Amino acid sequence: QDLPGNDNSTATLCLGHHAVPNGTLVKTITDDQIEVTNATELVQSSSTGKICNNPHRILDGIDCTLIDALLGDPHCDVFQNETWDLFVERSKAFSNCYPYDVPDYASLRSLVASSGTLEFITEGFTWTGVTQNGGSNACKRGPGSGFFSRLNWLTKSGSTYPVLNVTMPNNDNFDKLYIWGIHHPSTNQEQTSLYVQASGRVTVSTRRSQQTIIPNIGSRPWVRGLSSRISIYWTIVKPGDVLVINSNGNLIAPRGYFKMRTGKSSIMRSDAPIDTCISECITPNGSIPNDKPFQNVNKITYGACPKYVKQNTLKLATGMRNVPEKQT
Amino acid sequence: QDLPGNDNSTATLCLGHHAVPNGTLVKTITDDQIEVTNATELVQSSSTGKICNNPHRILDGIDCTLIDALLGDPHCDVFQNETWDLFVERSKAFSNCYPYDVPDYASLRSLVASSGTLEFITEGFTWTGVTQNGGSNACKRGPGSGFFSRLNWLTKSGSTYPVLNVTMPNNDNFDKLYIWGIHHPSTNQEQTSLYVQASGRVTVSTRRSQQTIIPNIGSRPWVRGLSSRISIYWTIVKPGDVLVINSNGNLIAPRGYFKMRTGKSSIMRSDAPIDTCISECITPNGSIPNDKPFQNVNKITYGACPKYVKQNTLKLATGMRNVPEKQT
Amino acid sequence: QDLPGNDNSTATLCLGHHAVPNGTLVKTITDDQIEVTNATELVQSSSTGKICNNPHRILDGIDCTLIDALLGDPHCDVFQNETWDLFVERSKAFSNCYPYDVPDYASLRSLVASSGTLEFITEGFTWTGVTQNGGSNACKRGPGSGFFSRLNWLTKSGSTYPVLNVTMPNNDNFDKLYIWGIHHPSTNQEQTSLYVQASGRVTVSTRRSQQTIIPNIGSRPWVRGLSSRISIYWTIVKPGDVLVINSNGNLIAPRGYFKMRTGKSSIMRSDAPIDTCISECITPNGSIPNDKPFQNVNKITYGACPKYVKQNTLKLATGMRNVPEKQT
Amino acid sequence: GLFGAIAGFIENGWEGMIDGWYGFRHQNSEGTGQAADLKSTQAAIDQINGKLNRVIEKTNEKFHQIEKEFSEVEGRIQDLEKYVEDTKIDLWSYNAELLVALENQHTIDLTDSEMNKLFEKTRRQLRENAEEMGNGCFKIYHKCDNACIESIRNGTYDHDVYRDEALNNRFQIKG
Amino acid sequence: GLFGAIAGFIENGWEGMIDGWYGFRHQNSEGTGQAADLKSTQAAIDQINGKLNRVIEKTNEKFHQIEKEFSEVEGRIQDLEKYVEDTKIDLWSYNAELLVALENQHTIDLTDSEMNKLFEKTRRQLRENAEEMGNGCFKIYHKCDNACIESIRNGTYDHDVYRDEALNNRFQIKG
Amino acid sequence: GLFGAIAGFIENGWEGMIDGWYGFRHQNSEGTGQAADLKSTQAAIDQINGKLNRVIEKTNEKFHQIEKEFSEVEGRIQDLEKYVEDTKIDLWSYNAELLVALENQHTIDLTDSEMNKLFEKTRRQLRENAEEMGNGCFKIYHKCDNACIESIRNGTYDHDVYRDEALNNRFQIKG
């Protein structure tokens, strides 16, 4: 080997691991605060405060709700034929035309909201024997009286309101949404003055369905000078089907159809400011980053967003246990 | 160092762990019966059999359902202005006044059940031209005829039933629940005898909504001497809104409003005895202790309760594997 | 002690484990492709393509939907008193009798679908003063006119339609389902021709409930020569209760009751072929084997089936890590 | 379990050890003895209580919910009310079943671990003076009276004090 | 994995071992050989089958449920019918993904464990007569013919029989 | 944690080690020195990143859903809309809570494991030339200069080169 290898000394080698002065407490199966070298937060808990206007198409409703934009309240005429990925409804929105109510408001707002388009096609309905284009002073269009842009208020011509019986075929290859309505007068006098018959009736049908609504006379609360109301209804007509509108008084007739589509559109109630930035996840509190897996900003989301969770902090250990060598 | 240790012997040291004669079988990722030293049960599977009357406010409905207590069936007059955290409805409950039906009974029972109060405020409705306070012998109040305490049956005065058109503003800062109804006569004769007009109509509305119900004449099955029915409806009036009740016959008028609140109240169907004890978790089978995480007593609970699970036993090992030394 | 005698040498012993040339990648907590010796698939992703006709009782609806089989469209008379564990409805089904609509079609299809029986009992209703057994040429039974086998169209006798007021007690110990309906005429002339009264009315009730429907006159779209429609309704009568049918015009009367039961029956829309084989899990795509825990064939299932999952493959490692000699 | 001490190289437990979960039995110059080890018993117990308390942490409370029992047949809406609850129950049942399975699996490897850690600790301490008989017992190659056994147990044993005695006894012999 | 035997101190597997999952390879003065170890192979296999059967334990059965495909647009009630199912599917998908991840992770540490337990067992048995070469091979410092190799494998090896031979060979030499 | 190296037989960490997570400090002929071990640091880091990326893998996206805030009181249907969401939130919250608990538990045993694997690897390599002082330090019984320390660290140390020197120093002495 060598010869008498005599140098009898020794050495010491010690294995160890790092430790940090600071350190973060995390939960475990067996402990709920154990300190580790480092951790990362898995709950997103803060919004920017603004709804980024990119990548989704945000449509700010300003002071129109979606249904008033749909019906064509004069003040919402800005929205005709408009489209959106997300329609934001503001708390300040107001209606300002003939007082109306929508029996299943919630389904009509939904059904339009996810169709994502207000594209309207006017069709040539011929109403013989009635006066078209009725309006009201509660729905001022400019200086004059007016009514919803997408609806057509029929009243008597001379001394008679005939039985209207019209039909409109769906010859296209898409579904057609028709919004129509009925006028509920305040007085039997109002009824006969406008529609002659003392009891109106509206029946709208297809090969598949039918709705017959009869009006209801009575005073409701004064809203914009009126005690009458109109109630809104809808009928979808499938390709190849046919719409038949049959009435004897009180019909608020459709002027054509909204076309329906299938997409990722929805509606959101938010007063957050829209701003220019790209963000995939929208919350009524403004956009939030979807880098973390869970979020605690709001349970309402649109887009690629973290899963809402009750916790506001969940730290994932990304290091060993911290066992400090003093602590400085 | 030390001197001649004449004897040089050895020793034996053995490490080991305990074992118990008994032992409990638990499930594992890889085994489904492995025996451990000790375990603890995580499924609560037995009730006391009694609903403890503490800490929640239990209201025993005795032989009244919540809706009859609401309407004011004579026999439920005990409950006027009553309140609860949990209203217990008993299987023995019975109605015993004018036969009625509630179109969406399930929402009215819910809506009242979580409001948690039957506080009624009478308001000064003035019904001019009709006879108030109608009652029936099927709703005996004491020796006499009677009707629901919270409703007011209007019939003609002399030879006329006018068009009633009344209004009641919500000037307070809370929502008001109004329960009202309509009488469906058995015969056209009954209709004209009571309400003169051969076809009644009730329209109740606010700035936001309206309901017009028209009665339906026809014989139903004899219930407490009657073939007529009254159907119950409800209208909530928000602060600042206004109620307008407009009718021409068959109205069963409200006497005022129930006030609504927001709380932790609910309703439960149970025949369990109420008893004095404190227990947080209530099950229709009686209270159960919420010390364990899961329970298998009933999927209906109220209060701080374990999560209902299909399993009836789940043992958590609280000790090592049992490896005993004798045979079996 | 042991005496070596002569040899002086050493040996080498090495422990190791197997490895396979092939190997399967699986996901881990820390890796998402790590290669193991063997794995097993937990997602079932393929159907046989056929609905096995065993063990469940499959009833192929051929060109009848469940509701037409229920009502008794002539062409569905094959199904009278039929029963099923799973009724399969085919996309090709068609109706071919008097045009009708069912207000809550979805609940009636459900309610019948899980009752699982079309057992019909005829009861002796006596309709005095009206003509029974009306039929139509749009519902041809054989060469002649006809109508739904389970319904009875009443029209006037001579010059009068009386007020019908009939009753049928539930004296048995089971619930009775009664399907009845109302005829909506196209013209006021049709109304008076058939039912004399210019406004019909149908009220069907029990001790617990009532429905009063009034018809609606108006033209709907021509369907099999007709613009009239009949709407279908249902009433369940509990043991000890009583049905009272009261009408003044337009009633399409029940001929008796369907009996209801409680079972594991359901309905499925599928064009898959029924075939002879035993399979517990049925999917609208055909049966699938329930040996794996999760499946990705279809979210609609009937029977003992794997839990539907978005993933189409999930491999469970059934061997150690593959660390081969050469490569992989 | 994962370390193969319990129900592994240690053939079986001692039903007689009543004063702790892990411990020692010896035979030395002065006779035989048994003694529980309290540090590893407390380590094992504290971890299992930690685990236990986390599982019994907060039953959340719920007040008005949906109806879960119905007396009439209603169709579409009642079908959904039933389906929401049935899918909620199966999900919570899956959760409970998986939770105790993971938990229990871990409790057996945790306790297997503490046994093996106690063994390794004692090994390290005896240094060159003892040999592992492979059944969880060490053969100590030097005269070790009761106070010596106590110093190994309470962790103050000085291997140097007996190293030449032990090394002589253990190696030299006649080979 | 956690023990660092497989794909750890044992460099790689033997594609040639076809008769078991874990085993031995030796080189002595009589020859070379290979032999599977059947006890650790059965231990590993039984645990993975245990795990496997628990996962394939009972598909629960469901009959009438809610509609999951619709042909008309209806609004509020159909939105909820769709939302109930979509949130049920994502929750069951999360469950499946997490389940195989935990499971697979554990199967790799379990098999790593059995490899290391076999190693430790063999170490313990050879006592002072062999040294660990550190790659999962022991150097046995005494003449060990094939019956000797068989006794190590079948667990009957007596270290005392060769202790003076081995201790001489292993230590003495010239230092 | 499960292996009892970190916060176990290794008393505490070195706040001074800034160049890696695991490593060596030596004291020898030329003095004292410290060095991070980069292979075990990378092994630990890679596993924690693997774990990390799996958790941040795909936020799924959702568009039109159901209403989750209501302004009027409606009864039965709104009760169900609320109940579907509240039970969805509690289930996702349970999931998040359990996920970080399992994950964190495993990250502590994984890093405990890598520390212990580094120790075992170094033990194996020094063979008969060093003894374990039991606190994670080896006493090397032969003259080992800085290049010698570097060959242990970079894994090229030849035990044979110092075996007679070490065996003499370690055993012979006077017992």
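A few notes on this one:
Every chain is named by a letter (A, B, C, D, E and F) in the order it is written, and numbering of its residues begins at 1.
Everything below uses one rule, namely that a residue touches a chain if its C-beta (ideal position, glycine included) is under 8 Å from a C-beta of that chain, and two chains touch if they have at least 3 such contacts.
Under the touch definition stated at the top, chain C and chain D share these contacting partners: A, B, E, F.
The chain pair from A-E, C-E or A-F that repeats the C-D interface, sharing more than half of its contact pairs by residue number, is A-E. The mean-CA centres of chain A and chain C are about 33 angstrom from one another, to the nearest whole unit.
Averaged C-alpha coordinates put the centre of chain B at 57 Å from the centre of chain E. In this assembly, the C-alpha centroid of chain B lies 49 Å from the C-alpha centroid of chain D.
Shown for chain D are the residues in touch with two or more other chains, namely 2, 48, 54, 60, 62, 64-65, 76-77, 79-80, 84, 90-92, 101-103, 105-106, 110, 164-165, 168, 171, 174. Contact with two or more other chains is made by residues 27-30, 106, 110 of chain B.
If you sketch which chains touch which, every chain touches every other chain without exception. Pairs of chains in mutual contact: A-B, A-C, A-D, A-E, A-F, B-C, B-D, B-E, B-F, C-D, C-E, C-F, D-E, D-F, E-F.
Across the interface of their complex, chain A is touched by residues 1, 6-7, 10-18, 20-29, 37, 44, 48, 52, 55-56, 59-65, 67-69, 85, 89-90, 92-93, 96-97, 100-105, 107-108, 111-112, 115, 118-119, 122, 130, 133, 135-144, 148-149, 152, 164-165, 168-169 of chain F.
On the chain A side of its complex with chain F, the touching residues are 1, 5, 7-21, 26-30, 34, 36, 40, 42-43, 106, 110, 113-114, 264-266, 269, 280-281, 290-294, 299-311, 314-328.
Of all the residues in chain F, the ones that touch chain C in their complex are 47-48, 50-51, 53-54, 57, 103, 106, 110.
Contact residues of chain A toward chain D in the complex are 27-32. The residues of chain D lying in touch with chain E in their complex are 2-4, 8-9, 76-77, 79-80, 83-84, 86-87, 90-91, 94, 98, 101-102, 105, 131-132, 134, 171, 173-175.
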